[PDB]
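Engineer: I would like the atomic coordinates for the input below:
(one chain, ligands or ions: 1)
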Amino acid sequence: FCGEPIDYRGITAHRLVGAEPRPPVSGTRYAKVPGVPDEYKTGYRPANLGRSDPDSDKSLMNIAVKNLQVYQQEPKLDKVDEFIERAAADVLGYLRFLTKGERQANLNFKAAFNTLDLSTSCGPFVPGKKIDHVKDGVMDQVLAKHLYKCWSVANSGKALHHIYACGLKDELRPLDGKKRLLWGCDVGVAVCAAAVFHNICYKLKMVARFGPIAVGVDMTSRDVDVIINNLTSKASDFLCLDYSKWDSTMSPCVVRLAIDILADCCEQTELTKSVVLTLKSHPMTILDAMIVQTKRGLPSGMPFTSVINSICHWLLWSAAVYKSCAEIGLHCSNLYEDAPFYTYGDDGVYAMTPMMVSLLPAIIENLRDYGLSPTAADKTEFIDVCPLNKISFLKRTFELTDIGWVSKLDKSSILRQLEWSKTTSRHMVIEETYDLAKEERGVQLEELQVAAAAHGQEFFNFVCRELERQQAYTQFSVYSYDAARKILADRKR
Ligand SMILES: [Lu+3]
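Structural biologist: Residues are numbered from 1 along each chain as shown. Now the structure:
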């Protein structure tokens, strides 16, 4: 469905043909809670500032276009090397051992569709959400027709169309022009992928606290204790990194390899073959009346992105270390066992052997040569190893307590929930909202207390002072400090 080539600002796109256009949703759901004292403000701004951004050109179509160009750049790697190949053998061994050498069964249709949560857009070819098409217990005609075709094609072993609906991720961002894009997955690709991958990922989520793939981990439970015990079992030095533009730069050869590894322990049916073929192909995306191609990156809306991205990370981190050892004449192996690490998409925390610590600059450089842009986890310093009492993972830092280890969401993230509120209406600028008497706002603000309590009584009180004022706007309870601290306590154990 690509007609005539559009030529706008250097993007490879075409006029949408054979499909109805999918105009992206303008504005932001975030609106400012009125009367919030300045001491609780933190800086963040919605990604789509809208007419709050003085640049008149900073329109949604132009912003999406600029961000899509990144995926149209050549990948840093055209093919994988020996060190990545050595890492693949590690993951394969991990999966084969986990699955006891057994392939995981495909799901049949009903099971696969049931995995899809009610609140998901249906992608570029069917409007609205799943919930808008499975109302009175049964699927409407449009969804079923679309799903019947996809399921049929996929079961014949033929690749589906790897196409998404484009948009701007409506999120709060530091006041700094990279913005994440939305990749609304086709509901047909999503169901077939669910059928092929759900069982293996289920098995993976069950065992997430041991890692390396952290997808499924409960940062509120004893998972945290095993993650930390696992990290300190083999080392006393650690590396916490974040990566800039990870999704948008990822090399296809790595993504394809990750998918092949995840699929190797799945049932060998045509549906599997169809899914593997679909997801390995260059994703396309429909902005409005334009269809845009890509040459690199991993859509954040790709079914099972987290697991596959986590495998990519496992591969590149391990390879980076392997390559660095080889350059100093050392053959290194079984990294995930010698130096446990955890991965969750672009988020990683790794144990550091004394040899690894010494190889840090070369490891960082080899990560760069794989196309990655690592940045210190502690968003302020240069990259370096840190002691246990200093590690960072999944926007959390940790503290040894009498109730085991306890994870603390960075205070800024706590505070921003006081300043902003995800409203149910779109806003075209940064503005205040009064539509706050919402059930959701209520549970959010109660949960905020439990998160605040992890930081201590003083911080808790600070937050609770403002929450007490926000009680005029939202029906919700403000617990005592002990009460919230009992909730943390109960969540573990
Ligand atoms: Lu991050």
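
Engineer: I'd say residue 356 and residue 363 touch.
Structural biologist: Yes - between residue 356 and residue 363 there is a contact under C-beta atoms under 8 Å: 7.0 Å. No exception for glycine: its C-beta is placed from N, CA and C like everyone else's.

Engineer: what does the domain assignment say about the protein?
Structural biologist: What curated CATH domains lists as the domains of the chain is 1-59, 60-211, 212-243+298-395, 244-297, 396-492.

Engineer: what sits against the residue in the chain sticking out farthest from the centre?
Structural biologist: Most distant residue from the mean C-alpha position of the chain: residue 329, 36.3 Å away (C-alpha atoms, centre = their mean). With C-beta atoms under 8 Å, 6 or more residues apart in numbering as the criterion, no residue contacts residue 329.

Engineer: ok, residue 230 next?
Structural biologist: 210, 211, 340.

Engineer: quick revisit: let me know the secondary structure of the residue farthest from the centre of the chain.
Structural biologist: Per DSSP: H, G, I helix; E, B strand; the rest coil, the local secondary structure of residue 329 is coil.

Engineer: would JSON lines of the contacts of residue 230 with secondary structure be doable?
Structural biologist: Below are the contacts of residue 230 laid out as JSON lines (three-state DSSP):
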{"residue": "210", "secondary structure": "coil"}
{"residue": "211", "secondary structure": "coil"}
{"residue": "340", "secondary structure": "coil"}
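
Engineer: most neighbours out of the residues you listed, which is it?
Structural biologist: residue 211 (23 neighbours; other C-beta atoms under 10 Å).

Engineer: how close does the closest residue to it other than its chain neighbours sit to residue 95?
Structural biologist: Nearest non-adjacent residue to residue 211, counting by C-beta to C-beta, 6 or more residues apart in numbering: residue 342, 4.3 Å away. Separation of residue 342 from residue 95 (C-beta to C-beta, to the nearest Å): 16 Å.

Engineer: residue 486 now?
Structural biologist: From residue 486 across to residue 95, the span is 40 Å (C-beta to C-beta).

Engineer: ok, now residue 437?
Structural biologist: Going from residue 437 to residue 95 by C-beta to C-beta gives 49 Å.

Engineer: of those two, who's got more company?
Structural biologist: Here residue 437 and residue 95 are set side by side on neighbour count (other C-beta under 10 Å), and the busier one is residue 95, at 20 against 12.

Engineer: tell me the secondary structure for that one?
Structural biologist: Here residue 95 is helix, with the state taken from three-state DSSP.

Engineer: show me what contacts the nearest residue to it once chain neighbours are set aside?
Structural biologist: Counting by C-beta to C-beta, 6+ apart, residue 95 lies nearest to residue 265, which is 5.0 Å off, once chain neighbours are set aside. Applying C-beta under 8 Å, 6+ apart to residue 265 gives the contacts 95, 96, 99, 102, 103, 104, 200.

Engineer: what's the neighbour count on residue 404?
Structural biologist: Residue 404 has 16 neighbours, counted by other C-beta under 10 Å.

Engineer: now residue 328
Structural biologist: So residue 328, with other C-beta under 10 Å, has 11 neighbours.

Engineer: distance of it from residue 336?
Structural biologist: Using C-beta to C-beta, residue 328 is found at 21 Å from residue 336.

Engineer: do the same with residue 155
Structural biologist: For residue 155, the distance to residue 336 - C-beta to C-beta - is 35 Å.

Engineer: more crowded one of these two?
Structural biologist: residue 336 (21 against 17).

Engineer: on contacts alone, who are the packing partners of the helix or strand hosting that one?
Structural biologist: Under the criterion of DSSP states H and E, residue 336 resides in helix 335-338. On a contact count with 3 or more C-beta pairs under 8 Å, 6 or more residues apart in numbering; DSSP states H and E, helix 335-338 meets helix 82-98, helix 305-327.

Engineer: contacts for it?
Structural biologist: Defining contact as C-beta under 8 Å, 6+ apart, one finds that helix 335-338 is touched by 87, 90, 94, 211-212, 234, 314, 317-318, 321-322, 332, 341, 353.

Engineer: re earlier: shared neighbours of residue 356 and residue 363, anything?
Structural biologist: Common neighbours of residue 356 and residue 363 (C-beta under 8 Å, 6+ apart) are residue 321.

Engineer: isn't there a strand covering residue 166?
Structural biologist: Yes - Residue 166: assigned to a strand according to three-state DSSP.

Engineer: what about the closest residue to residue 128 other than its chain neighbours, how many neighbours?
Structural biologist: Computed as C-beta to C-beta, 6+ apart, the closest residue to residue 128 that is not its neighbour in sequence is residue 122, at 6.2 Å. By other C-beta under 10 Å, the residues close to residue 122 number 25.

Engineer: so how far is residue 345 from residue 122?
Structural biologist: Distance, residue 122 to residue 345, by C-beta to C-beta: 24 Å.

Engineer: other residues contacting stretch 60-72?
Structural biologist: By C-beta under 8 Å, 6+ apart, the list of residues contacting stretch 60-72 from outside reads 8-13, 24, 26, 48, 166-168, 177-181, 245, 248-249, 285, 287-288, 292-297.

Engineer: list the buried residues in it.
Structural biologist: In terms of neighbour count (16 or more other C-beta atoms under 10 Å), stretch 60-72 has its buried residues at 60, 61, 63, 64, 65, 66, 67, 68, 69, 70, 71, 72.

Engineer: same question for stretch 262-279.
Structural biologist: Judged by neighbour count using 16+ other C-beta under 10 Å, the buried positions of stretch 262-279 are 262-267, 269, 271-279.

Engineer: for residue 145, give its distance to residue 50.
Structural biologist: 37 Å.

Engineer: so for those two, which residue has more residues nearby?
Structural biologist: residue 50 (19 against 12).

Engineer: who's in contact with that one?
Structural biologist: If you count contacts by C-beta under 8 Å, 6+ apart, then residue 50 has 26, 27, 28, 427, 428, 429, 430 around it.

Engineer: which among these end up buried?
Structural biologist: Buried by 16+ other C-beta under 10 Å: 27, 28, 427, 430, out of those.

Engineer: now, those that are in helices?
Structural biologist: Among those, no member falls in helices (criterion: DSSP state H).

Engineer: distance to residue 224 for these - can I get that in a markdown table?
Structural biologist: A markdown table is the format used below for those (distance: C-beta to C-beta, whole Å):
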| residue | distance to residue 224 |
| --- | --- |
| 27 | 37 |
| 28 | 33 |
| 427 | 36 |
| 430 | 36 |
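
Engineer: residues contacting stretch 149-161, please?
Structural biologist: Against stretch 149-161 from outside (C-beta under 8 Å, 6+ apart): 109, 186-189, 191-192, 269-271, 273-275, 277-278, 281, 284.

Engineer: that older thread, tell me the one among the buried ones among the contacts of residue 50 nearest to residue 464.
Structural biologist: residue 430 (26.0 Å; C-beta to C-beta).

Engineer: grab the nearest non-local neighbour of the closest one.
Structural biologist: residue 52 (4.2 Å).

Engineer: repeat that for residue 32.
Structural biologist: residue 432 (4.3 Å).

Engineer: what of residue 309?
Structural biologist: Using C-beta to C-beta, 6+ apart, the closest residue to residue 309 is residue 345 (4.4 Å).

Engineer: quick one: contacts for that neighbour?
Structural biologist: Counting by C-beta under 8 Å, 6+ apart, residue 345 makes contact with 246, 247, 305, 306, 309, 310, 313.
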